[PDB]
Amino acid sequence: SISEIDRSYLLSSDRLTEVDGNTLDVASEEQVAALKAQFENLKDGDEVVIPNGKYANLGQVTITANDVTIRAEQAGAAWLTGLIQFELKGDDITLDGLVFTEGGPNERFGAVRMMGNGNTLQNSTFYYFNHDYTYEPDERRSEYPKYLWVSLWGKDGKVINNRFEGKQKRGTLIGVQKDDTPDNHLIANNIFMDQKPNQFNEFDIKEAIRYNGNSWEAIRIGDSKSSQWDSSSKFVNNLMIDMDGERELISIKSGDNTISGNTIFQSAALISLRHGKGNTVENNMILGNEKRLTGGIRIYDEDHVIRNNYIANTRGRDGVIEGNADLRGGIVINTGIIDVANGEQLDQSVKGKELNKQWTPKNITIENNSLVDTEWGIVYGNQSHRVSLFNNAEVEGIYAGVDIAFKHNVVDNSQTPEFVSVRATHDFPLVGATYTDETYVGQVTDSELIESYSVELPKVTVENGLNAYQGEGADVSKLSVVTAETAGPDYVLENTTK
């Protein structure tokens, strides 16, 4: 039952083999060199099968061949340590069953740079791959370097059935580096665990905290320069546990993406529609389990669809680092810095309103969500933005969300009705908000901004440990918890080192 879920349950499956790292032999400098030549002399259609063992410091491994598979002889038993980057330049390259641990990326765009079309990373495990690369506050501004683990630069990439555990230095774990056309990447059925910041005193440098405490996402799809183009990528059916990197768990920074059906458990980080248009966030199960600074989804930009999510037991309103508009709750409609009600846009040529700034939300559909025991439920934004991560001046000119349509949502704080189910604010009234058959039980601040809603719960049943509200809220038929029965590789590792 929902409240009783824990990591052990989420991570258990009888399908999983144990791979003992202690039973693996360390390849010699000679054997590593030989493995390396094999990689680089591949012909199209070939396979490289890596004998069980631990292989230190492969370094820069460039794959130019098409239609090749690089795989462990036994899944999980080819451990790649020290510095390594697979740079996948050919099309239709598959990496399969690899382990990256006790080492770090040889170049900052990750252990795996998926640059061709149809590249795949599957059944693989990253375990605390935070080591061996220089990691210092820089001379210019005391900024620590961002190192990713996987990056996607081509088309039709798939990152499926992997485990990405313990990313604990700065940098997004997966980055999509796209161009002007749709990418159609699939990031699905992965396990993400234990990302967290400030494990190496990065935050001790107080003047640099706004940026040093930023760029710890689990995934970033697109970026500010590319954000006004469609990616059409999918982040679906993933299991995320104790992912606490930063304010954004997932940063969507491009258009037409799907972020749906993921289970997000005790993660102090929000799905963030940061830049770009027309993104859809549906059927996710966000189970905060009462952990501080958990939350659902925060929203900038236009045309998004947020429907049928189940967001439960979340806590906390204000992130610890200031000036980053870090306002949390179940669903947060951010302020931005442009007058969208009069058609204003962000624009790379307009000083102060560049594409990396804050697009006031507009034309948002928020329907059939169930928010259960959320300390801050639907939060209408009031943040004051800074000019940039590096300029701490406050922007004068802050606007509220526009044309926000709420329908059939249920915010059920019947357990602790002192919790704020809907946080409206006369400081920033929404413009053209509509309310259709909303149900809000618990505190509603500035309720006179809201035309109508019901304060009486429909009939409530429990189906599969979820609340089902008769005729309203998230349809529980569309919802299920992702566990290691479908997510992650088909093995677990023993005798690893952080």
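The first residue of the sequence shown is number 1, and the count goes up from there.
> Quick check on the record: does 126 to 134 or 248 to 256 carry the larger mean Cα temperature factor?
Mean C-alpha B-factor is greater for 126 to 134.
> Decide which of the stretches 341 to 349 and 261 to 269 has the higher mean C-alpha B-factor, going by the entry.
Looking at the recorded C-alpha B-factors, 341 to 349 comes out higher on average.
> Which one of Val112, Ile209, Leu371, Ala78 shows the biggest C-alpha B-factor in the PDB entry?
Highest C-alpha B-factor among the listed options: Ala78.
> Looking at the C-alpha B-factor values in the deposited entry, which of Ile70, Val444, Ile450, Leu430 comes out highest?
Among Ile70, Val444, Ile450, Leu430, the highest C-alpha B-factor in the entry belongs to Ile70.
> Within this chain's modelled residues, let me know which third the CA B factor of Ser142 belongs to: lowest, middle or highest.
Its C-alpha B-factor, which the entry lists for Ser142, ranks in the highest third among residues of this chain.
> Looking at the entry's B-factor column for C-alpha atoms only, identify whether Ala400 ranks in the lowest, middle or highest third of its chain.
It falls in the middle third of the chain.
> Comparing against every modelled residue in the chain, figure out the third that the C-alpha B-factor of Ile205 lands in (lowest, middle or highest).
Highest third.
> Please place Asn198 in the lowest, middle or highest third of its chain according to the CA B-factor in the PDB entry.
It belongs to the middle third of the chain when residues are ordered by C-alpha B-factor.
> Please place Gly330 in the lowest, middle or highest third of its chain according to the CA B-factor in the PDB entry.
Bottom third by C-alpha B-factor.
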